[PDB]
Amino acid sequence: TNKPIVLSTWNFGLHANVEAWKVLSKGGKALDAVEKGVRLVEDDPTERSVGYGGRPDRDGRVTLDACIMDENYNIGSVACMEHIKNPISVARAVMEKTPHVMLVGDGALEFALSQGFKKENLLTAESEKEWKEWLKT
């Protein structure tokens, strides 16, 4: 068996993998490794397809979707959630702390605040500019 091992999507996976590997190489759990791996990209405002710096919807709202699945069919999911930089971690909170597996929209944000996540402005200057430029075309 070839283990531990992590795979991730796109070129930005390569640096995300290095973060995941800090957990996996020390014998840590796959769930912790994938969360930390993807949070790196969530946090990065220069990666504009994930998390902070995300290109907005047509109304200028940055809305994020995420889900997580562990080794025993535990799942959590958020969708269309605004203002929280680490949706993967809210998803993990939906999984671990509620009787539900998916929260969306304002409900998802309410829940996130109840768990201590911090409300933030995820629309960067660069994404705002490009959005206003798109409104022109």
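Start at 1 and count along the sequence shown; that's the residue number.
For the pair 6-14 and 114-122, the record assigns the higher mean C-alpha temperature factor to 114-122. Of the two segments examined, 15-23 and 124-132, it is 124-132 that shows the higher average Cα temperature factor in the deposited entry.
Across the options 96, 57, 71, 44, the residue with the most elevated CA B-factor in the record is 44.
Residue set 48, 39, 100, 92: peak C-alpha B-factor at 48 (per PDB entry).
In the PDB entry, residue 82 places in the highest third of its chain by CA B-factor.
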